[PDB]
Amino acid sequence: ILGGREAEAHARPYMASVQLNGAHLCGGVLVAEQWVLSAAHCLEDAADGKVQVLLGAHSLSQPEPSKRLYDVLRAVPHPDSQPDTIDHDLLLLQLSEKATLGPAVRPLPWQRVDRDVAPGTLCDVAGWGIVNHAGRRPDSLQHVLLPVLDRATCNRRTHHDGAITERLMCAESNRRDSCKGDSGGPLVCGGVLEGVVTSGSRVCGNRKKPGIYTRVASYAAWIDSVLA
């Protein structure tokens, strides 16, 4: 997260750190007791590593009573996702068992009605991604409030040039933005999950290249299908 602040410890109980060989790789969000939603390009960069999900965490390295590292029974990338596109960039991770719920660990309600979040709406994105251009990785969860950006502006040639489909949404990126390591994490609006930080490489904090998030509402049937 760029231009954000350290988050209040365990105030976002749905926040997950998807890890590869003990190292934070991507953000994720607990959407059911045994399922965490993240981005597909994340586990692309795996296949040759152990994928786990850390829940109830604030600090990645320090002990915390609510922290628990879960193994993953099955990784389910969206069937239509492709290495060179930013479409259908979702991945569902089935934990080895239902997560122990508590004040620090709880699934977040997610949007099932397919209607766009109104432009200007302030949404929250959190993550353990880089915090500056040098690539500094924070030990604890950071977050930033970002206003949703209308799709037409986001699609202008000067911005994302038509790449934003109805299944994608944008948030402003003027100095405040999600960045490398935050991909797969949640964009929460009004206490409901609306988007998943896309995981295509992108410049951070440049208002001319808005943040791109996959709209969960657009994939409600697929998520339901996988958790069936």
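So that the term is clear: the rigid core is the largest set of C-alpha atoms that superpose within 1.5 Å between two forms. In this text, residue numbers run from 1 along the sequence as written.
Stretch 197 to 205 is the one, of 180 to 188 and 197 to 205, whose CA positions lie farther from the shown form in 7 other deposited structures of this protein once all structures are superposed by the rigid core.
For the pair 212 to 220 and 14 to 22, the mean Cα B-factor is higher in 14 to 22. When 172 to 180 is weighed against 30 to 38, 172 to 180 comes out higher, by mean CA B-factor as recorded in the entry. In this entry, the residue among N132, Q82, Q142, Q111 with the greatest C-alpha B factor is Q82.
Sort the modelled residues of the chain by CA B factor and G127 lands in the lowest third. In this PDB entry, the Cα temperature factor of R151 sits in the bottom third of its chain's modelled residues, the lowest group. When the modelled residues of the chain are ordered by their C-alpha B factor, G191 lands in the middle third. When the modelled residues of the chain are ordered by their C-alpha B factor, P138 lands in the lowest third.
For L54, the recorded CA temperature factor ranks within the lowest third of the chain's modelled residues.
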